[PDB]
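Below sits a lone chain in structure tokens, taken as the form deposited in one PDB entry.
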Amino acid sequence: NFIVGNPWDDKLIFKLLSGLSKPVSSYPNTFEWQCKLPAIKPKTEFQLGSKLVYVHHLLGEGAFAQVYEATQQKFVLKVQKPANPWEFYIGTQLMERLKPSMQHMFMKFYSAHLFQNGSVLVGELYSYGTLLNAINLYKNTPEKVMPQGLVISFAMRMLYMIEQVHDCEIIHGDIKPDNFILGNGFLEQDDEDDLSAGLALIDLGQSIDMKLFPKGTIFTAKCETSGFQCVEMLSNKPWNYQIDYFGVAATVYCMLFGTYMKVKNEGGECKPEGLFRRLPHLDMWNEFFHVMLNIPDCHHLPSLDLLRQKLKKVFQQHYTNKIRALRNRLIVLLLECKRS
């Protein structure tokens, strides 16, 4: 039952990276440049060490990075100061541990460029915006919120995704609507029963590799670097994989209400704010959040498969017929937003 205070500490990360049989530098894709980070701005040109690259526009920004669209087929550039070789390590590892079939669920990194004061990562592109953006689009519409059938559908894919990541003994560490993105697969999704298509997960900067740590290690940090806090962090309790369970539930809560989840303690259990009576499938959602939020300990993680089945049951009873229309409607909204 080993203990590590902070898994996101820079000193710790440098120690793990430095203490590797296969340094990141060893990878073929990675490149180390002595010079400072090049000036990168939309509608400009610069050479990525060797070949010239054209940046068309800024797709999105986070607390750590700015992501631009680039060409010469289109891809993206993830720029951040200081350098973040860690993301490349995690991304590289993840594709290696994953089954080849499941790689399309996550962003692939083609190459990494490490500068003196920053890093630039070249990665796959997803052109139809984040899950958060999609949630915001509905607010303008009459429904004001995502249809349940799409919520449930997106939810089951998420549970399926973290299951694959956790099998790799990896923790995402930052599961939010901002870090979910919509790509072509969502557009071309033809098989509803296939959970591998229509949703992709990104932002591996805050990810944790459990392989590097002893068996049964635990973390006691009371918040994630951006300040993201799960239930264990609030309760001063230890945690490892629970943070991703909490993240999925927070992301699903957002699809349901279009507002970030807030937590409260009622009786002996932890519950989210405002699960009102008129909410469809209220029983199912109460059960879903109860399990995802109230985990007794690190050794009793809820079955991701079981949760998925409970949602699948409700989906098969009420939304198999209506799903195509709901997806088409969303597709039109995504196209409209992308036109802007």
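Under this definition, the rigid core comprises the largest set of C-alpha atoms superposing within 1.5 Å between the forms. Numbers for residues come from their place in the sequence shown, where the first is 1.
Residue 267 is a gap in at least a third of the other entries compared, counting only those with both neighbours built. For the cut-off of one third of the other compared entries, residue 189 qualifies: that many or more give it no coordinates while modelling its flanks. In this entry, residue 72 is separated from residue 73 by 4 to 9 residues of the deposited sequence that have no coordinates. Comparing 187 to 195 with 132 to 140, the stretch with the higher mean C-alpha B-factor in the PDB entry is 187 to 195. Remark: stretch with higher mean C-alpha B factor among 145 to 153 and 113 to 121 is 113 to 121. The entry assigns its greatest Cα B factor, within the set 227, 173, 177, 267, to 267. Highest C-alpha temperature factor among 294, 303, 26, 286, as the PDB entry reports it: 26.
Residue 13: CA B factor in the middle third of modelled residues in this chain (values from the PDB entry). When the modelled residues of the chain are ordered by their C-alpha B factor, residue 58 lands in the middle third. In this PDB entry, the Cα temperature factor of residue 311 sits in the bottom third of its chain's modelled residues, the lowest group. Residue 22: CA B factor in the highest third of modelled residues in this chain (values from the PDB entry). Among all modelled residues in this chain, the alpha-carbon of residue 216 has a temperature factor (C-alpha) in the highest third.
Keep in mind that the form deposited in another entry is missing from the display, and what follows is about it.
Only 194, out of 143, 167, 194, 96, shows a C-alpha shift of 2 Å or more between this form and the one not shown on alignment of the rigid core. The rigid-core alignment places the CA of residue 224 2 Å or more apart between this form and the one not shown. With the core held fixed, residue 315 shows a CA shift below 2 Å between this form and the one not shown. Superposition of the core reveals a Cα shift of less than 2 Å for residue 305 between this form and the one not shown. In the other entry, the CA atoms of residue 192 and residue 244 sit farther apart than in the displayed form, by at least 3 angstroms. Here's the thing about residue 157 and residue 192: their CA atoms end up at least 3 Å farther apart in the other entry than they are in this form.
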